[PDB]
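Undergrad: Compute the structure for the input listed below.
(one chain, ligands or ions: 1)
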Amino acid sequence: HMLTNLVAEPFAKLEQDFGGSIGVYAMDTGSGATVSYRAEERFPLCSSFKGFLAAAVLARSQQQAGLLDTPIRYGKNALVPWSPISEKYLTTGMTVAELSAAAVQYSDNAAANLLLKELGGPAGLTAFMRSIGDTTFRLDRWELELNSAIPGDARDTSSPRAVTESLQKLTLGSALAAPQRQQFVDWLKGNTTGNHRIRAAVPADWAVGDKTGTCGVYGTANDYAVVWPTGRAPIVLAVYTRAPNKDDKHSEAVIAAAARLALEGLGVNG
Ligand SMILES: *[B@@]1([O])O[C]([C]C([O])=O)[C][C][C]1[N]C(=O)[C]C1=[C][C]=[C]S1
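TA: Numbering: from 1, shown residues only. Here you go:
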């Protein structure tokens, strides 16, 4: 309450220029100060669910020490459009860890569906999120159906706030054991798909891990990140967008701009 939105930022103008809705939640983990705009509205997860998927796999690996190095062979029928890594290993298979890294760092769709199967499907990932205290997250469908981003549909959505809170628990808090936590962080740090989103607002000399999503319809795209500014506590943040019309375009620039406003609202010099 008292530390939320101490400094107002022009999010409304930004989303109006975009032609849609922007949802932002950012927390300074040192002071507890927050920036919050549409933070409790639901937005489609799109590929951003794959970060939480990889965390759920790591949590399972705490009870199954051989899980991450298990080899997984798959057929051509497992390939889904946008499977840039797993298509190169169709004839060989990949380990669970490799599928997880591919899902996080390349948004690989086939990898994500294979790992969902390992966890018992969308309800199994939802159950993992409930287990860390996230009551907002829901995954309902598989790739590619979960990308429909229909206005008003709560399937396959969360809120910026719940995403940020869960990300904090998994990357900085105690939801994962220490080895698994650092592996999750390392996967996020190695992401390749986010250079034009939150990372574009973050100085190059700060560490950052992130996970993106792009539904392909309804102007719907997103990014969440942990950011380590030097000399102060980390910042966790989530930026989600959507728009009213199916043919509306997403904007990476709008995501980067919203992330800049969030950092400015927290008084984090960048
Ligand atoms: B996912 O929602 O988003 C990925 C891109 C990202 O992480 O920002 C691509 C795979 C998933 N999306 C789709 O399959 C539909 C597409 C949208 C743009 C390229 S593919």
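
Undergrad: is it fair to say residue 209 lies in a helix?
TA: No - going by DSSP: H, G, I helix; E, B strand; the rest coil, the assignment for residue 209 is strand, not a helix.

Undergrad: and it, bridged to which residues?
TA: Counting by DSSP bridges, residue 209 is bridged to residue 226.

Undergrad: residues near it, how many?
TA: Using other CB atoms under 10 Å, the number of residues around residue 209 comes to 25. No exception for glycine: its C-beta is placed from N, CA and C like everyone else's.

Undergrad: Does it touch residue 189 like I think?
TA: Yes - using CB atoms under 8 Å, residue 209 is in contact with residue 189, at 4.3 Å.

Undergrad: Could you list the residues of the protein in contact with the ligand?
TA: The interface of the chain toward the ligand, taken as CB under 6 Å from any ligand atom, is made up of 46-47, 82, 107, 109, 144, 147, 193, 212-216.

Undergrad: Mind doing that once more with 5 Å?
TA: Within the chain, the positions near the ligand by CB under 5 Å from any ligand atom are 46-47, 82, 107, 193, 212-214, 216.

Undergrad: Got a quick PyMOL command for the buried subset of the residues you listed?
TA: To isolate in PyMOL the members of the residues of the chain next to the ligand that are buried, counting by 16 or more other CB atoms under 10 Å, one can use:
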select buried, resi 46+47+82+107+193+212+213+214
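
Undergrad: quick one: which of the residues of the chain next to the ligand is nearest to the ligand?
TA: residue 47 (2.5 Å; CB to the nearest ligand atom).

Undergrad: what about the closest one, is that helix, strand or coil?
TA: helix.

Undergrad: Where do the helices of the stretch 51-200 of the chain begin and end?
TA: 96-106, 109-119, 121-131, 160-171, 178-189, 198-201 (DSSP state H, counting those that start in this stretch).

Undergrad: Could you export these as JSON lines, including mean neighbour count?
TA: As requested, the helices of the stretch 51-200 of the chain are arranged in JSON lines below (neighbours: other CB atoms under 10 Å):
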{"stretch": "helix 96-106", "mean neighbour count": "25"}
{"stretch": "helix 109-119", "mean neighbour count": "23"}
{"stretch": "helix 121-131", "mean neighbour count": "17"}
{"stretch": "helix 160-171", "mean neighbour count": "24"}
{"stretch": "helix 178-189", "mean neighbour count": "17"}
{"stretch": "helix 198-201", "mean neighbour count": "23"}
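
Undergrad: Please produce CSV containing those, extended by distance to residue 88.
TA: Converted to CSV, the helices of the stretch 51-200 of the chain look like this (distance: least, CB to CB, whole Å):
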stretch, distance to residue 88
helix 96-106, 10
helix 109-119, 11
helix 121-131, 25
helix 160-171, 28
helix 178-189, 18
helix 198-201, 25
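
Undergrad: Go through those helices and name the closest to residue 8.
TA: helix 160-171 (17.3 Å; CB to CB).

Undergrad: Can you give me the distance of residue 225 to the ligand?
TA: Distance, residue 225 to the ligand, by CB to the nearest ligand atom, to the nearest Å: 13 Å.
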